[PDB]
Amino acid sequence: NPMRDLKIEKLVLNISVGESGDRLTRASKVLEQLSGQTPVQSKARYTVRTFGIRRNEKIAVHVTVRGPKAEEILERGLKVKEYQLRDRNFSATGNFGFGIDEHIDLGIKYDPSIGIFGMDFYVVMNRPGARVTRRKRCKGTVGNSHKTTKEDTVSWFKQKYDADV
RNA sequence: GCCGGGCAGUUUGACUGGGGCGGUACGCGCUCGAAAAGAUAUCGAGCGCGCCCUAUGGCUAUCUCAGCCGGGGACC
């Protein structure tokens with residue numbers, strides 16, 4: 001029972017692409033004093049016409065979560081811009097964060113996404129034992145039974161703090 | 001020392017469907033030709049080397065990508 005219940009594992013915020021803290025190391029400042037940690041990431045994909053053609057990229061991305069830091073964040077997080085907080089918005093797996101997608105090559109990849117819900121929010125929902133699949137060892141796979149359902153997912157969060165819409 | 005075919009001795013290669021012009025199959029590496037051991041020709045087919053690197057060498061420790069999807073073409 002309690003096992004079946006859905007809770008949020010790692011969320012992680014993120015930022016847009018391009019260089020960050022261009023004038024001075026900034027934009028990391030936001031994400032700072034927000035969420036508590038300070039991630040930074042880099043990128044690949046050299047020739048960008050209006051992007052850089054830098055290889056190793058300063059590119060801003062970051063955040064993550066845990067338990068309880070993203071609660072008390074993802075608190076006063078959701079209840080931010082959500083014209084349609086949920087619906088079609090997230091999908092089979094449980095949760096999402098998106099907006100309007102573009103015709104781009106997708107699907108055959110690990111599936112990180114451009115998608116921007118908020119400063120592209122990533123609530124990811126998983127119930128269960130699930131640490132099973134992720135963890136290195138006999139990985140195991142999710143049952144596709146005890147898997148999240150969007151319906152269940154658009155529950156839990158909604159029951160608390162904010163309407164589904 | 002300089003100029004110096006005025007004059008003398010010579011050289012000016014080989015391969016090559018004759019020779020010449022072109023080309024080099026003139027040294028060397030791979031696939032195929034090559035006929036399931038080995039060896040095997042043509043101006044046979046496809047194509048390379050005459051270097052570069054103080055790490056792009058040596059050892060040891062430790063060891064996740066493309067791409068796609070979802071949440072905030074950079075990044076998380």
# chains A, B, ... in the order shown; residues from 1 in each chain; ligands from 1
$ interface_residues --of "chain B" --to "chain A" --cutoff "8 Å" --atoms "only C-alpha atoms (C1' of nucleotides)" --output "PDB file with C-alpha atoms (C1' of nucleotides), in the first residue's frame"
ATOM      1  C1'   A B  66      25.019   8.288 -29.739  1.00  0.00           C
ATOM      2  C1'   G B  67      19.996   9.252 -30.049  1.00  0.00           C
ATOM      3  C1'   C B  68      14.961   9.702 -28.249  1.00  0.00           C
ATOM      4  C1'   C B  69      11.139  11.070 -24.329  1.00  0.00           C
ATOM      5  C1'   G B  70       9.388  13.794 -20.179  1.00  0.00           C
ATOM      6  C1'   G B  71      10.313  18.021 -16.168  1.00  0.00           C
ATOM      7  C1'   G B  72      12.903  23.272 -15.539  1.00  0.00           C
ATOM      8  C1'   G B  73      19.739  23.461 -30.086  1.00  0.00           C
ATOM      9  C1'   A B  74      23.333  26.147 -23.903  1.00  0.00           C
ATOM     10  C1'   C B  75      23.072  23.680 -18.972  1.00  0.00           C
ATOM     11  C1'   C B  76      20.327  21.011 -14.637  1.00  0.00           C
TER      12        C B  76
END
$ atom_distance --atom1 "atom CA of residue 148 of chain A" --atom2 "atom CA of residue 7 of chain A"
10.4 Å
$ closest_residue --among "B:63, B:3, B:49, B:8" --to "residue 27 of chain B" --atoms "only C-alpha atoms (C1' of nucleotides)"
B:49
$ closest_residue --among "B:61, B:55, B:36, B:43" --to "residue 17 of chain B" --atoms "only C-alpha atoms (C1' of nucleotides)"
B:43
$ select_by_dssp --residues "chain A" --states "alpha helix (DSSP H)" --output "list in words"
residues 150, 151, 152 and 153 of chain A
$ atom_distance --atom1 "atom CA of residue 135 of chain A" --atom2 "atom CA of residue 65 of chain A"
17.3 Å
$ select_by_dssp --residues "chain A" --states "strand (DSSP E or B)" --output "PyMOL selection string"
chain A and resi 7-9+124-126+157+160
